[PDB]
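K.L.:
Take a look at protein_15.cif, mmCIF, C-alpha atoms:
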```cif
data_model
loop_
_atom_site.label_atom_id
_atom_site.label_comp_id
_atom_site.auth_asym_id
_atom_site.auth_seq_id
_atom_site.Cartn_x
_atom_site.Cartn_y
_atom_site.Cartn_z
CA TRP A 13 61.87 -45.37 -26.45
CA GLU A 14 60.62 -42.36 -28.38
CA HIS A 15 61.98 -39.61 -30.65
CA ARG A 16 61.28 -35.93 -31.29
CA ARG A 17 63.09 -32.74 -32.17
CA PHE A 18 63.96 -30.16 -29.54
CA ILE A 19 64.23 -26.39 -29.13
CA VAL A 20 66.31 -24.95 -26.29
CA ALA A 21 64.40 -22.68 -23.90
CA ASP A 22 66.99 -19.91 -23.60
CA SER A 23 66.43 -16.56 -21.90
CA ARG A 24 67.28 -14.88 -25.22
CA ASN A 25 64.05 -16.16 -26.81
CA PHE A 26 62.04 -12.94 -27.13
CA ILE A 27 58.92 -11.98 -29.07
CA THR A 28 58.13 -8.87 -31.14
CA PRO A 29 54.46 -7.88 -31.49
CA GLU A 30 53.15 -5.02 -33.61
CA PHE A 31 51.00 -2.26 -32.20
CA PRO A 32 48.54 -0.13 -34.17
CA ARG A 33 49.10 3.61 -34.03
CA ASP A 34 45.67 4.18 -32.43
CA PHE A 35 45.83 1.07 -30.22
CA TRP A 36 46.53 2.82 -26.90
CA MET A 37 43.94 5.58 -27.48
CA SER A 38 41.08 3.25 -26.58
CA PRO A 39 37.99 4.22 -24.54
CA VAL A 40 38.70 1.23 -22.27
CA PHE A 41 42.31 1.77 -21.21
CA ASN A 42 41.43 5.45 -20.56
CA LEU A 43 38.77 5.41 -17.83
CA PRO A 44 37.50 8.36 -15.77
CA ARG A 45 37.18 8.27 -12.00
CA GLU A 46 33.39 7.77 -12.25
CA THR A 47 31.69 5.86 -15.07
CA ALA A 48 28.00 5.30 -15.81
CA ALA A 49 28.25 1.50 -15.53
CA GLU A 50 28.22 1.86 -11.75
CA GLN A 51 25.38 4.39 -11.95
CA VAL A 52 23.36 1.71 -13.73
CA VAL A 53 24.00 -0.71 -10.87
CA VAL A 54 22.93 1.86 -8.26
CA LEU A 55 19.83 3.00 -10.13
CA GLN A 56 18.62 -0.54 -10.86
CA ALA A 57 19.00 -1.43 -7.17
CA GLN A 58 17.08 1.70 -6.14
CA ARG A 59 14.28 0.85 -8.58
CA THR A 60 14.09 -2.71 -7.23
CA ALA A 61 13.99 -1.33 -3.68
CA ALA A 62 11.09 0.96 -4.62
CA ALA A 63 9.32 -2.03 -6.17
CA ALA A 64 9.25 -3.95 -2.87
CA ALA A 65 8.43 -0.79 -0.92
CA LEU A 66 5.38 -0.49 -3.19
CA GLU A 67 4.11 -3.91 -2.10
CA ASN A 68 4.80 -3.10 1.56
CA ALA A 69 2.82 0.13 1.18
CA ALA A 70 0.01 -1.71 -0.62
CA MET A 71 -0.34 -4.24 2.17
CA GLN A 72 -0.26 -1.33 4.64
CA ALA A 73 -2.96 0.64 2.80
CA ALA A 74 -5.26 -2.30 2.02
CA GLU A 75 -6.92 -1.67 5.41
CA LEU A 76 -8.38 1.72 4.42
CA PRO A 77 -11.67 0.18 3.13
CA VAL A 78 -11.62 -2.09 6.19
CA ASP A 79 -11.07 0.55 8.89
CA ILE A 80 -14.07 2.60 7.74
CA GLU A 81 -16.74 -0.13 7.94
CA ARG A 82 -16.31 -1.02 11.62
CA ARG A 83 -16.21 2.64 12.68
CA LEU A 84 -19.58 3.40 11.05
CA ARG A 85 -21.66 0.23 11.41
CA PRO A 86 -21.79 0.14 15.27
CA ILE A 87 -23.07 3.74 15.18
CA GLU A 88 -25.51 2.99 12.37
CA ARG A 89 -27.05 0.21 14.45
CA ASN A 90 -26.91 2.56 17.45
CA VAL A 91 -29.06 5.14 15.64
CA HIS A 92 -31.43 2.49 14.26
CA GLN B 3092 -52.76 16.93 21.47
CA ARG B 3093 -50.68 19.15 19.17
CA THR B 3094 -47.96 19.66 21.80
CA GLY B 3095 -46.57 16.18 22.45
CA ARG B 3096 -47.29 14.94 18.93
CA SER B 3097 -45.31 17.82 17.41
CA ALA B 3098 -42.51 17.63 20.00
CA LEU B 3099 -41.53 14.14 18.80
CA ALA B 3100 -41.37 15.29 15.17
CA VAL B 3101 -37.98 16.95 15.72
CA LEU B 3102 -36.55 13.65 17.00
CA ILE B 3103 -38.25 11.75 14.15
CA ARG B 3104 -36.63 14.03 11.57
CA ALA B 3105 -33.29 13.80 13.40
CA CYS B 3106 -33.20 9.99 13.54
CA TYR B 3107 -34.58 9.24 10.07
CA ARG B 3108 -31.92 11.55 8.60
CA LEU B 3109 -29.09 10.30 10.80
CA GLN B 3110 -29.93 6.90 9.32
CA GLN B 3111 -29.07 8.31 5.92
CA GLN B 3112 -26.08 10.46 7.00
CA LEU B 3113 -24.05 7.37 7.87
CA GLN B 3114 -25.18 5.52 4.72
CA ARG B 3115 -23.73 8.40 2.69
CA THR B 3116 -20.44 8.05 4.58
CA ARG B 3117 -20.52 4.32 3.87
CA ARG B 3118 -20.86 4.97 0.14
CA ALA B 3119 -18.71 8.11 -0.13
CA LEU B 3120 -15.69 6.69 1.74
CA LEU B 3121 -15.61 3.42 -0.25
CA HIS B 3122 -15.79 4.91 -3.75
CA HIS B 3123 -12.74 7.02 -2.79
CA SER B 3124 -10.36 4.47 -1.24
CA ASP B 3125 -10.84 2.22 -4.28
CA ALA B 3126 -9.22 5.01 -6.30
CA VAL B 3127 -6.22 4.90 -3.95
CA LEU B 3128 -5.99 1.12 -4.39
CA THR B 3129 -6.21 1.50 -8.18
CA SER B 3130 -3.50 4.17 -8.11
CA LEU B 3131 -1.13 2.05 -5.99
CA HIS B 3132 -1.92 -0.79 -8.38
CA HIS B 3133 -1.08 1.33 -11.43
CA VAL B 3134 2.20 2.41 -9.82
CA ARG B 3135 3.01 -1.27 -9.36
CA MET B 3136 2.21 -1.70 -13.06
CA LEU B 3137 4.79 0.92 -14.06
CA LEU B 3138 7.49 -1.34 -12.61
#
```
If you took the structure in this file and wrote it as structure tokens, what would it be?

P.N.:
Amino acid sequence: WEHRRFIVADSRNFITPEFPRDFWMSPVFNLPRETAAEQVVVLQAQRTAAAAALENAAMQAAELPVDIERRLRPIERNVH
Amino acid sequence: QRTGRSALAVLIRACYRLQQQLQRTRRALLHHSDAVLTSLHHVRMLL
């Protein structure tokens, strides 16, 4: 056995909250069609894309000091 | 005597200066690409 009090769950049990006068004039409920939060996500992704493109370009352009040596040395030994 | 000994002087001057012309290109084209590498490197720094 066991004992407790009880409250009937009737459909008439309602609740009455209080709203502030300036509650609904919030900058969050009222959102424009385009916000800057998304622009942050796009711009960060573009910056990160440019970061990896920089390394790709660096590994591409690292051959510039290399390509010049082997085009001049076999002609230098040819003249000498 | 003066004919054949002076005829080879043009070739001597040509070869002993072509030996330097390519050395200049060795030096001048390597002090310039290093700037490009440093610039790419600095751009990587900015990120």

K.L.:
Could you list, as a ChimeraX atom specification, every residue matched by the PyMOL selection byres ((chain A) within 7 of (chain B)) in this structure?

P.N.:
/A:63,66,70,76-77,84,88,91-92

K.L.:
One number please: CA of residue 60 (chain A) to CA of residue 47 (chain A), in Å, one decimal.

P.N.:
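Straight-line distance from CA of residue 60 (chain A) to CA of residue 47 (chain A) works out to 21.1 Å.
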
K.L.:
Between CA of residue 44 (chain A) and CA of residue 59 (chain A), what is the distance in Å, rounded to a tenth?

P.N.:
25.4 Å

K.L.:
How many Å separate CA of residue 64 (chain A) from CA of residue 52 (chain A)?

P.N.:
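Straight-line distance from CA of residue 64 (chain A) to CA of residue 52 (chain A) works out to 18.7 Å.
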
K.L.:
Let me have the centre and edge lengths of the axis-aligned box enclosing all listed atoms of region 14-27 of chain A with 6 Å padding on every side, in Å to one decimal, as AutoDock Vina command-line options.

P.N.:
```
--center_x 63.1 --center_y -27.2 --center_z -27.0 --size_x 20.4 --size_y 42.4 --size_z 22.3
```

K.L.:
Since the input has fewer atoms than a full residue there, write region 3118-3133 of chain B out with N, CA and C atoms, as a PDB file, in the frame of the given file.

P.N.:
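Final output, saved to part_5.pdb:
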```pdb
ATOM      1  N   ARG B3118     -21.061   4.975   1.587  1.00  0.00           N
ATOM      2  CA  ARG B3118     -20.860   4.970   0.140  1.00  0.00           C
ATOM      3  C   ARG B3118     -19.735   5.905  -0.284  1.00  0.00           C
ATOM      4  N   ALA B3119     -19.667   7.100   0.308  1.00  0.00           N
ATOM      5  CA  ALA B3119     -18.710   8.110  -0.130  1.00  0.00           C
ATOM      6  C   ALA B3119     -17.267   7.765   0.225  1.00  0.00           C
ATOM      7  N   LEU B3120     -17.037   7.028   1.309  1.00  0.00           N
ATOM      8  CA  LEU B3120     -15.690   6.690   1.740  1.00  0.00           C
ATOM      9  C   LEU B3120     -15.183   5.380   1.151  1.00  0.00           C
ATOM     10  N   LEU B3121     -16.029   4.639   0.436  1.00  0.00           N
ATOM     11  CA  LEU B3121     -15.610   3.420  -0.250  1.00  0.00           C
ATOM     12  C   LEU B3121     -15.366   3.618  -1.736  1.00  0.00           C
ATOM     13  N   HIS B3122     -16.069   4.555  -2.371  1.00  0.00           N
ATOM     14  CA  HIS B3122     -15.790   4.910  -3.750  1.00  0.00           C
ATOM     15  C   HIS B3122     -14.524   5.748  -3.896  1.00  0.00           C
ATOM     16  N   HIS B3123     -13.938   6.190  -2.785  1.00  0.00           N
ATOM     17  CA  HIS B3123     -12.740   7.020  -2.790  1.00  0.00           C
ATOM     18  C   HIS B3123     -11.472   6.229  -2.487  1.00  0.00           C
ATOM     19  N   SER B3124     -11.533   5.287  -1.541  1.00  0.00           N
ATOM     20  CA  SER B3124     -10.360   4.470  -1.240  1.00  0.00           C
ATOM     21  C   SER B3124     -10.049   3.501  -2.374  1.00  0.00           C
ATOM     22  N   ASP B3125     -11.074   3.055  -3.106  1.00  0.00           N
ATOM     23  CA  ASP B3125     -10.840   2.220  -4.280  1.00  0.00           C
ATOM     24  C   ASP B3125      -9.979   2.933  -5.313  1.00  0.00           C
ATOM     25  N   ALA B3126     -10.119   4.254  -5.443  1.00  0.00           N
ATOM     26  CA  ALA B3126      -9.220   5.010  -6.300  1.00  0.00           C
ATOM     27  C   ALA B3126      -7.783   4.945  -5.811  1.00  0.00           C
ATOM     28  N   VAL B3127      -7.573   5.006  -4.494  1.00  0.00           N
ATOM     29  CA  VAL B3127      -6.220   4.900  -3.950  1.00  0.00           C
ATOM     30  C   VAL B3127      -5.643   3.516  -4.235  1.00  0.00           C
ATOM     31  N   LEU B3128      -6.456   2.469  -4.065  1.00  0.00           N
ATOM     32  CA  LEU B3128      -5.990   1.120  -4.390  1.00  0.00           C
ATOM     33  C   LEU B3128      -5.648   0.998  -5.870  1.00  0.00           C
ATOM     34  N   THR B3129      -6.493   1.540  -6.750  1.00  0.00           N
ATOM     35  CA  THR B3129      -6.210   1.500  -8.180  1.00  0.00           C
ATOM     36  C   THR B3129      -4.943   2.265  -8.520  1.00  0.00           C
ATOM     37  N   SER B3130      -4.695   3.381  -7.832  1.00  0.00           N
ATOM     38  CA  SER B3130      -3.500   4.170  -8.110  1.00  0.00           C
ATOM     39  C   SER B3130      -2.233   3.449  -7.648  1.00  0.00           C
ATOM     40  N   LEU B3131      -2.250   2.881  -6.437  1.00  0.00           N
ATOM     41  CA  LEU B3131      -1.130   2.050  -5.990  1.00  0.00           C
ATOM     42  C   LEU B3131      -0.890   0.910  -6.965  1.00  0.00           C
ATOM     43  N   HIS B3132      -1.976   0.311  -7.439  1.00  0.00           N
ATOM     44  CA  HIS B3132      -1.920  -0.790  -8.380  1.00  0.00           C
ATOM     45  C   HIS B3132      -1.298  -0.378  -9.710  1.00  0.00           C
ATOM     46  N   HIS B3133      -1.676   0.793 -10.219  1.00  0.00           N
ATOM     47  CA  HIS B3133      -1.080   1.330 -11.430  1.00  0.00           C
ATOM     48  C   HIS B3133       0.410   1.619 -11.246  1.00  0.00           C
TER      49      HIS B3133
END
```
